Engineer: 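One structure, pasted below without further comment.
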Amino acid sequence: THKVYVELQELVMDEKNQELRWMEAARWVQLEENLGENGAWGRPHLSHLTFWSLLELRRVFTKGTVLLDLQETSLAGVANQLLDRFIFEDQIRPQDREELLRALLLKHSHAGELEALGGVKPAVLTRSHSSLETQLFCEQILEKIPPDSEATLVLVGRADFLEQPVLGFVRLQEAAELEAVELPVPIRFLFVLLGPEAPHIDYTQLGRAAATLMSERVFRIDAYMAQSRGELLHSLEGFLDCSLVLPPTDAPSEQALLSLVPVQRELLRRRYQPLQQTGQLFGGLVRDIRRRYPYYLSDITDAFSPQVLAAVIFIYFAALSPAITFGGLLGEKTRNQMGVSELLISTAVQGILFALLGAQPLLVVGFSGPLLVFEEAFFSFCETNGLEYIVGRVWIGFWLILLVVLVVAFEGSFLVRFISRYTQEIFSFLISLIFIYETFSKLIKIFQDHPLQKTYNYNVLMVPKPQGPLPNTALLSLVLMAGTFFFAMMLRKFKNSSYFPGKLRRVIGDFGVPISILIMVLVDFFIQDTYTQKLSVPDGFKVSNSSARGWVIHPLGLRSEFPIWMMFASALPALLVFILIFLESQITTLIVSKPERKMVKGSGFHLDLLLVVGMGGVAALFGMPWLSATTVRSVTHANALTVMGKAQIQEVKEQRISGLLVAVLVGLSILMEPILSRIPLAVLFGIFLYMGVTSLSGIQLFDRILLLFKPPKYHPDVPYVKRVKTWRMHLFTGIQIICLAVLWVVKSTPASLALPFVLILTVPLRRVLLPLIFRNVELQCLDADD
Amino acid sequence: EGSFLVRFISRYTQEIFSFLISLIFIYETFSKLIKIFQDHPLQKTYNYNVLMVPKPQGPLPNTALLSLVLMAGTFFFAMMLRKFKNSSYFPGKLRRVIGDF
Ligand SMILES: CCCCCCCC(=O)OC[C@H](COP(=O)(O)O[C@@H]1[C@H](O)[C@H](O)[C@@H](OP(=O)(O)O)[C@H](OP(=O)(O)O)[C@H]1O)OC(=O)CCCCCCC
Ligand SMILES: CCCCCCCC(=O)OC[C@H](COP(=O)(O)O[C@@H]1[C@H](O)[C@H](O)[C@@H](OP(=O)(O)O)[C@H](OP(=O)(O)O)[C@H]1O)OC(=O)CCCCCCC
Ligand SMILES: *[C@@H]1O[C@H](CO)[C@@H](O[C@@H]2O[C@H](CO)[C@@H](O)[C@H](O)[C@H]2NC(C)=O)[C@H](O)[C@H]1NC(C)=O
Ligand SMILES: CC(C)CCC[C@@H](C)[C@H]1CC[C@H]2[C@@H]3CC=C4C[C@@H](O)CC[C@]4(C)[C@H]3CC[C@]12C
């Protein structure tokens with residue numbers, strides 16, 4: 001901090017030589033002293049200001065050109081950099097650059113030289129009444145300036161070639177004793193106020209306002225430690241907050257001014273000075289029921305809308321096609337001991353019971369990839385050790401029930417509170433990317449099976465599948481997939497468009513995926529010659545291998561006797577499957593129940609975990625797959641019932657009818673075979689691409705990844721942008737991308753069942769390693785639950 | 001100075017003519033693809049020995065579908081690069097250049 005000496009200088013003309021020069025007008029040491037005509041300094045007075053002066057000072061400071069810590073020691077440099085930043089910020093035109101530096105480089109006169117010039121008169125720059133203070137204080141320095149003081153120069157001029165008033169605020173890195181202008185103390189700050197004639201603009205009053213602002217201690221300190229124009233603006237707003245206006249009044253002027261003393265003294269007083277642990281057994285479960293089940297009546301009445309029916313038609317295919325595909329693989333890898341029919345019936349029953357009883361009915365319950373990998377591994381283990389795979393599954397279920405009852409009993413689902421937005425978004429982005437990759441690899445496999453060839457064997461066997469390449473199959477599949485994706489996205493855009501009466505637009509855009517599916521299925525149906533792969537459901541509700549097992553499996557064995565040791569050794573695979581289902585379902589519930597998604601009905605973690613794992617364990621007895629809350633399906637369900645207002649999410653149709661109807665349709669899918677046999681897989685591939693793309697909307701990781709490819713100026717007004725440095729946020733995003741790559745490598749590795757543990761290892765990263773390289777404010781701005 | 005009669009052609013006739021010509025252009029562009037599909041229809045069986053000179057003398061597999069794929073891909077990439085020119089991504093001088101090309 002340093003004491004200040006402000007100097008106001010104006011562009012004038014002399015009578016003797018008619019030469020433009022800068023003339024002393026006023027100076028500030030402790031109070032304002034004005035220089036009048038005849039060269040006598042006036043009486044020191046308080047620096048009163050006019051209303052318009054502070055008006056236009058704030059106006060031109062808002063668009064001000066601010067240079068801080070400028071490394072110049074002469075006026076000519078300060079003048080060249082300023083006139084340059086003037087051009088850079090488009091304050092002035094490049095043509096008037098010269099004339100303005102020709103003006104700024106004129107001689108600076110002072111009080112002693114006024115008499116020798118034969119008078120001084122006001123002047124206006126060309127491209128080629130007396131002041132109130134003079135009238136009231138002027139008609140009739142080195143000792144006062146403190147030794148450790150620095151000076152401010154306020155340059156005020158009128159230039160008719162400028163289009164707008166321009167403010168330039170320059171702070172020097174080192175205080176410089178300029179040669180062009182002589183002062184008792186070195187110049188640090190430099191105010192430049194130039195512009196044309198404008199209404200309500202007295203440039204003398206603008207300079208007086210700027211000098212009074214620089215004479216104030218708080219603003220002087222703020223300008224000393226300012227690093228941007230915003231800090232200077234905020235200090236100016238604080239200055240104007242303490243500014244007091246005296247309206248024209250008839251009160252006796254001595255008392256009128258003396259009444260303002262306590263108002264000033266007060267005005268300057270401060271200027272200068274669901275996952276909580278209860279501890280009760282099954283407390284989380286009973287709290288879950290208490291929170292969700294009161295809304296059961298609304299869960300049936302909120303479903304009476306066409307959006308719910310469109311969501312049913314969407315999620316029906318979105319849950320049936322994975323069921324059919326995973327049924328083919330589970331069977332082809334299990335010798336059909338678990339196949340399409342078992343998976344369909346298990347999906348239907350568990351979905352019906354979950355929609356009827358669950359606390360987050362918008363979750364979609366079904367088979368998944370990690371469960372398929374575990375089934376592969378367990379079947380291989382049973383084949384190696386001469387074991388019965390289905391009985392081992394029965395015993396794995398028995399242990400999963402004891403596990404979910406114990407974790408629900410001790411409120412083990414309170415540990416989900418430590419999975420922050422970091423792990424949630426990493427898992428969501430990874431799952432969406434994997435979904436898109438699998439969807440594209442299916443089309444690649446279709447192209448591989450029927451490549452583009454010059455010649456084809458026209459007599460090929462079609463049953464059960466074509467025994468060789470077929471013409472036009474792969475190209476038509478690509479066309480169908482692209483057309484379905486295109487139509488779905490166009491109808492999604494049309495839902496938010498300005499076209500057609502709103503109701504019909506919002507009902508047509510609500511039925512976007514069903515209309516796209518219908519259109520593309522009709523297109524394929526009218527193309528008869530070209531073959532395309534269709535959906536294939538089993539013949540009837542029968543087990544996939546009647547020669548292997550029945551509908552119920554004896555825990556002691558079917559064709560042999562299950563060994564005693566495996567009944568106890570089943571805990572470890574049960575532990576792994578419990579970890580898989582727990583992590584997947586709990587993170588899915590975290591994602592679908594974010595506060596930003598407008599979920600106002602509440603979600604249940606303990607109750608949903610109990611229902612899912614217990615139903616899986618019970619279905620294991622019937623030799624049926626255990627299910628998990630799939631992330632893509634549940635996110636698509638939540639988005640399909642999400643209502644968008646006049647953009648911004650308004651509400652979500654939280655109801656139990658949509659999931660129940662999806663489960664019922666999945667169970668009935670065997671019966672509705674003549675309709676499902678005319679639906680190509682390419683249409684559903686386009687639908688899967690739509691789901692994978694649309695699942696990326698609410699993930700901040702995807703937005704931050706998109707920011708790395710955007711100029712640091714188009715970054716949105718979000719707290720992780722406006723409060724965090726750009727490269728810091730980019731480093732955060734890059735660390736997340738490294739985690740994504742590590743998890744992707746783990747997935748493609750035969751140790752893909754360890755993916756939950758590598759995902760879990762991100763929580764210690766965020767809570768231990770990230771504070772070592774980021775500050776707390778950065779981490780709260782970058783990793784916020786809401 | 002018989003070209004001064006053009007001043008009586010207002011935005012009415014100008015816009016009618018331009019819209020009609022654009023509609024005709026799009027119509028012929030689509031009818032060429034329709035003719036491609038007609039020349040090489042989607043069939044269960046094709047003769048694998050078709051004389052190619054000067055033009056194919058019969059239906060060929062994967063021709064019309066690939067032509068439709070190429071047309072759609074060209075239109076898609078052209079429109080997406082036009083959108084990217086006005087977009088907010090990449091250093092600006094590149095986004096502009098890339099969008100010009
Ligand atoms: C079957 C539907 C139409 C059949 C008859 C066609 C004739 C027909 O129905 O006219 C209705 C409408 C004019 O009537 P009007 O201006 O009253 O209708 C406005 C329209 O529905 C907006 O969508 C509404 O805003 P939003 O979006 O809800 O926010 C707005 O209400 P709000 O702003 O106060 O809330 C409504 O007032 O015309 C068209 O939209 C042109 C498309 C005609 C093409 C018809 C497409 C087939
Ligand atoms: C592959 C490209 C090679 C670049 C390698 C990466 C290295 C690299 O070049 O980035 C730095 C630079 C940012 O620098 P900076 O923000 O200063 O550059 C601004 C940017 O070019 C804007 O696009 C310009 O506005 P507009 O939009 O033209 O109107 C703006 O001009 P103006 O407003 O002042 O007149 C420029 O100031 O580029 C990016 O945009 C960042 C996105 C990087 C993504 C690049 C993709 C990796
Ligand atoms: C149903 O299960 C039986 C027995 O598990 C399968 O019969 C086996 O088939 C495999 C494949 O060749 C071989 O191990 C033997 O031929 C059979 N082994 C036994 C012990 O019978 C039958 O293939 C299964 N059905 C289907 C459709 O996979
Ligand atoms: C945690 C779940 C899986 C239950 C716990 C399993 C263990 C502790 C218990 C539960 C039921 C028990 C079995 C019940 C019946 C029989 C038949 C008998 O002739 C020999 C012992 C045997 C085979 C028992 C062995 C131990 C057993 C498997």
Side-chain angles (χ1 to χ4, degrees), chain A residues 65 84-85 87-91 94 306-307 378 387-388 390-407 409 491 493-511 515 553-558 560-578 613-614 616-621 626 643-645 647-648 650 703-716 721 725-731 733-734 737, chain B residues 81 83-101:
Chain A
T65 307
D84 159 36
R85 276 215 75 101
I87 283 144
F88 181 56
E89 307 203 334
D90 304 281
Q91 286 264 258
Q307 191 171 354
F378 191 54
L387 280 169
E388 312 232 297
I390 214 64
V391 182
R393 287 192 74 260
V394 180
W395 285 95
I396 289 177
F398 281 152
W399 277 97
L400 277 173
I401 292 174
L402 198 117
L403 255 203
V404 75
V405 146
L406 286 177
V407 159
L491 292 172
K493 281 166 91 263
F494 172 83
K495 197 186 51 36
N496 283 9
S497 52
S498 46
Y499 284 84
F500 282 30
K503 253 166 137 41
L504 183 70
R505 159 190 351 141
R506 264 103 39 116
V507 122
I508 292 185
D510 273 27
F511 289 87
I515 278 173
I553 288 94
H554 200 329
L556 300 198
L558 292 331
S560 325
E561 268 69 284
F562 213 66
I564 287 328
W565 63 266
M566 179 84 213
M567 299 162 162
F568 292 84
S570 300
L572 326 161
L575 252 55
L576 185 63
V577 182
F578 184 86
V613 186
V618 164
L621 175 53
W626 41 63
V643 187
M644 305 309 230
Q648 169 178 7
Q650 222 285 315
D703 321 329
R704 273 190 274 102
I705 280 178
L706 290 176
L707 280 189
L708 289 135
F709 295 97
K710 265 208 226 243
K713 86 138 119 133
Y714 293 109
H715 287 10
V721 152
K725 279 82 177 53
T726 301
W727 72 272
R728 297 290 274 185
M729 146 168 96
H730 283 175
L731 153 61
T733 300
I737 294 172
Chain B
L81 284 164
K83 206 178 183 30
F84 166 79
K85 170 206 258 301
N86 301 328
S87 100
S88 216
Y89 289 76
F90 284 13
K93 301 122 149 329
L94 231 43
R95 154 204 347 169
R96 294 207 207 67
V97 174
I98 289 183
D100 307 27
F101 293 87

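Whatever order the structure lists them in is the order used to number ligands and atoms, beginning at 1. Note that these values count all heavy atoms, side chains included, but never hydrogens, waters or copies made by symmetry. Below, read A as the first sequence line, B as the second, and so on, with proteins coming before strands; counting in each chain starts at 1.
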Engineer: Once you round to the nearest 0.5 Å, how far does CZ of A:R393 lie from CG of A:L400?
Structural biologist: 9.5 Å

Engineer: Is ligand 4 under 4.0 Å from a heavy atom in the side chain of A:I564, in the backbone, in both, or in neither?
Structural biologist: side chain

Engineer: Could you walk me through whether A:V613 and A:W626 satisfy the side-chain contact (heavy atoms from CB on, under 4.5 Å) test, starting with their C-alpha distance in whole Å, then the side-chain angles of each, then the deciding distance to 0.1 Å, before giving a yes or no?
Structural biologist: CA-CA 7 Å; A:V613 186; A:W626 41 63; over 6 Å; no

Engineer: Starting at OG of A:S560, measure out to NE2 of A:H554 and round the result to the nearest 0.5 Å.
Structural biologist: 12.5 Å

Engineer: Tell me if a side-chain donor or acceptor on A:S497 pairs with a main-chain N or O of A:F494 at a distance below 3.5 Å.
Structural biologist: yes

Engineer: As a quick check of understanding, evaluate side-chain contact (heavy atoms from CB on, under 4.5 Å) for A:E561 and A:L556, giving each step before the final call.
Structural biologist: CA-CA 6 Å; A:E561 268 69 284; A:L556 300 198; 5.7 Å; no

Engineer: Are there protein heavy-atom neighbours of atom 31 (O) of ligand 2 below 4.0 Å?
Structural biologist: no

Engineer: Could you tell me whether atom 28 (C) of ligand 4 has at least one protein heavy atom nearer than 4.0 Å?
Structural biologist: yes

Engineer: Please identify which atoms of ligand 1 are closer than 4.0 Å to at least one heavy atom of A:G502.
Structural biologist: 20 (C), 21 (O), 22 (C), 23 (O), 27 (O)

Engineer: So which of B:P91, B:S87, A:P712 gets nearest to atom 45 (C) of ligand 2, if we judge by its closest heavy atom?
Structural biologist: B:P91

Engineer: Applying side-chain contact (heavy atoms from CB on, under 4.5 Å) to A:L707 and A:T733, what does each step give before you reach the verdict?
Structural biologist: CA-CA 9 Å; A:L707 280 189; A:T733 300; over 6 Å; no

Engineer: Can you list the atoms of ligand 1 that are under 4.0 Å from a heavy atom of A:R505?
Structural biologist: 23 (O), 27 (O)

Engineer: For atom CZ of A:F709, decide whether the heavy atoms of other residues, nucleotides or ligands shown that lie under 6.0 angstrom number more than 12.
Structural biologist: no

Engineer: Checking the side chain of B:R95 only, and the main-chain atoms of B:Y89 only, is there a donor and an acceptor separated by less than 3.5 Å?
Structural biologist: yes

Engineer: Within less than 4.0 angstrom of ligand 1, does A:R506 place any heavy atom?
Structural biologist: yes

Engineer: List every atom of ligand 4 that sits less than 4.0 Å from any heavy atom of A:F398, numbering the atoms from 1 in the order shown and giving each element.
Structural biologist: 3 (C)

Engineer: Quick one: nearest non-hydrogen protein atom to atom 9 (C) of ligand 4, plus distance?
Structural biologist: A:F568 CZ, 4.4 Å

Engineer: Yes or no on side-chain contact (heavy atoms from CB on, under 4.5 Å) for A:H715 and A:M729, after CA distance, side-chain angles and deciding distance?
Structural biologist: CA-CA 11 Å; A:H715 287 10; A:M729 146 168 96; 3.7 Å; yes

Engineer: Salt-bridge test for B:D100 and B:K85: reply yes if a basic N is under 4.0 Å from a carboxylate O, no otherwise.
Structural biologist: yes

Engineer: Any protein heavy atom lying closer than 4.0 Å to atom 7 (C) of ligand 4?
Structural biologist: yes

Engineer: Nearest protein heavy atom to atom 6 (C) of ligand 2: under 4.0 Å?
Structural biologist: no

Engineer: Of the protein's non-hydrogen atoms, which lies at the shortest distance from atom 43 (C) of ligand 2, and what is that distance?
Structural biologist: A:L708 O, 3.6 Å

Engineer: Would B:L94 count as being in polar contact with ligand 2, using the rule that some N or O on each side must be under 3.5 angstrom apart?
Structural biologist: no

Engineer: Nearest 0.5 Å, what's the CD1-CG distance between A:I508 and A:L491?
Structural biologist: 8.0 Å

Engineer: Is there a donor-acceptor pair closer than 3.5 Å between any side-chain N or O of A:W395 and the backbone N or O of A:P555?
Structural biologist: yes

Engineer: Using a 4.5 Å cut-off on heavy atoms from C-beta on, say whether the side chain of A:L621 contacts that of A:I553.
Structural biologist: no

Engineer: Note the single closest protein heavy atom to atom 33 (O) of ligand 2, along with its residue, its atom name and the distance in Å.
Structural biologist: A:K713 CE, 3.4 Å

Engineer: Which atoms of ligand 4 sit under 4.0 Å from any heavy atom of A:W399?
Structural biologist: 1 (C), 3 (C)

Engineer: For atom 12 (C) of ligand 4, what is the nearest protein heavy atom, given as residue, atom name and distance?
Structural biologist: A:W395 CH2, 4.8 Å

Engineer: Do any heavy atoms of B:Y89 fall under 4.0 Å from ligand 2?
Structural biologist: no

Engineer: Is atom 37 (O) of ligand 2 near the protein, in the sense that some protein heavy atom lies at less than 4.0 Å from it?
Structural biologist: no

Engineer: For atom 17 (C) of ligand 4, which protein heavy atom lies nearest, and how many Å away is it?
Structural biologist: A:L556 CD1, 4.9 Å

Engineer: With a 6.0 Å cut-off (strictly less than), is the heavy-atom count around CD of A:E89, excluding the residue itself, greater than 12?
Structural biologist: yes

Engineer: Only heavy atoms of A:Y714, strictly under 4.0 Å: list the atoms of ligand 2 that pass.
Structural biologist: 25 (O), 26 (P), 27 (O), 29 (O)

Engineer: Establish whether atom 21 (O) of ligand 2 and some protein heavy atom are separated by less than 4.0 angstrom.
Structural biologist: yes

Engineer: What do you think, any protein heavy atom under 4.0 angstrom from atom 1 (C) of ligand 4?
Structural biologist: yes

Engineer: In terms of residue, atom name and distance, what is the protein heavy atom nearest to atom 19 (C) of ligand 2?
Structural biologist: A:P711 CB, 4.2 Å

Engineer: For atom 42 (C) of ligand 2, which protein heavy atom lies nearest, and how many Å away is it?
Structural biologist: A:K710 O, 3.4 Å

Engineer: For the pair A:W399 (side chain) and A:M567 (backbone), establish whether a donor and an acceptor sit closer than 3.5 Å, ignoring hydrogens and angles.
Structural biologist: yes

Engineer: Hey, is atom 40 (O) of ligand 2 touched by any protein heavy atom at less than 4.0 Å?
Structural biologist: yes

Engineer: Quiz question for you: does at least one protein heavy atom lie closer than 4.0 Å to atom 27 (O) of ligand 2?
Structural biologist: yes

Engineer: About how many Å separate CD1 of A:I396 and CG of A:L575, when rounded to the nearest 0.5 Å?
Structural biologist: 11.0 Å

Engineer: Using a distance threshold of 4.0 Å (strictly less than), state whether atom 22 (C) of ligand 4 has a protein heavy-atom neighbour.
Structural biologist: no

